[PDB]
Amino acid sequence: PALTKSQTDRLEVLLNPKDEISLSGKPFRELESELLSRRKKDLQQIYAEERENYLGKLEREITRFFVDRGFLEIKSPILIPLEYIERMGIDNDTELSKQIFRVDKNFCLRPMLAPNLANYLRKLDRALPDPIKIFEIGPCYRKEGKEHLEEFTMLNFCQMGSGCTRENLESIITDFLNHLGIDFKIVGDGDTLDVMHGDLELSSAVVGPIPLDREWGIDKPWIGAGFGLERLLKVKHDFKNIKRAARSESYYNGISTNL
């Protein structure tokens, strides 16, 4: 007869975007047996050829992109002090005690790469010539009220000093997403920009100095942008849900591991 809602959820888990089949008068067991055989063969092809994870391979492809363009690869701690978040302009219980994974009474999981990269910009200005170009790829954490990934991988590149203009920032974003093969559109008039993909925010870039720069020893012009790698993988592979691209035991490269 007709497929139930739970049976449809099960088949959608085993359903790849490349599959060109409709959910045909066949029973649920026949459809499930077909998708199971396809997903098993898909993993067999990965285990015999590529064997690289989508998240890891994307980090390596992005790293080669910015290293080739004069950006220094940064690997800052994931466990940051709480004082870094208090210095970002967040206190009370608006966003400090709501979307922050605190570990000890002093440390917490970093929700963004900006505080660590800001400290690197201050220290590297004493040794490196102008301009200072750095970037980092790493995990970030934010709770939830909303609906998004709590454990995700962030990319943050930034430049300080000369050439920190909106035109230069958009040229880097354009060359970056065209390199990967991701359609986008820049939205902006707030002194900030939004890199959108239809209705999904890929990145939120910041141009020019910010009054908050004084609290981080920053007194030069700077540009930067932060991309979520799980959101990028969802767009490139046309995943219906972003959880197929995140760190999980339930999916490998958008393929279900519950076979």
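In case it trips you up, residue 1 is the first one in the sequence shown, and so on.
What number of residues from the deposited sequence go unmodelled in the gap from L23 to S24, classed as none, 1 to 3, 4 to 9, or 10 or more? Gap between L23 and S24: 1 to 3 residues without coordinates.
field: Interval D189-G190, deposited residues with no coordinates in the entry (none, 1 to 3, 4 to 9, 10 or more)
entry: In the deposited sequence, 4 to 9 residues between these two have no coordinates.
Give the stretch, out of 206-214 and 64-72, with the larger mean C-alpha temperature factor in the deposited entry. According to the PDB entry, the answer is 206-214.
Checklist entry - Of the two stretches 191-199 and 37-45, which shows the higher Cα B-factor on average in the entry? => result On average, C-alpha B-factors are higher across 191-199.
If I read the C-alpha B-factors straight from the PDB entry, which of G138, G145, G163, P115 is highest? By C-alpha B-factor in the record, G145 ranks first.
| field | Third assignment of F152 from its chain's C-alpha B-factors | value | Ranked within chain, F152 CA B lands in the lowest tercile.
query: Compared with the other modelled residues in the chain, in which third is the CA B-factor of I100?
result: Highest third - that is where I100 ends up once the chain's C-alpha B-factors are sorted.
Please place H237 in the lowest, middle or highest third of its chain by C-alpha B factor as given in the entry. As the PDB entry reports it, the C-alpha B-factor of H237 lands in the middle third of its chain.
(request) Within this chain's modelled residues, let me know which third the CA B factor of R10 belongs to: lowest, middle or highest. (result) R10: CA B-factor falls in the middle third of its chain.
Where the record places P81 (Cα B-factor, split into thirds across the chain)
It falls in the middle third of the chain.
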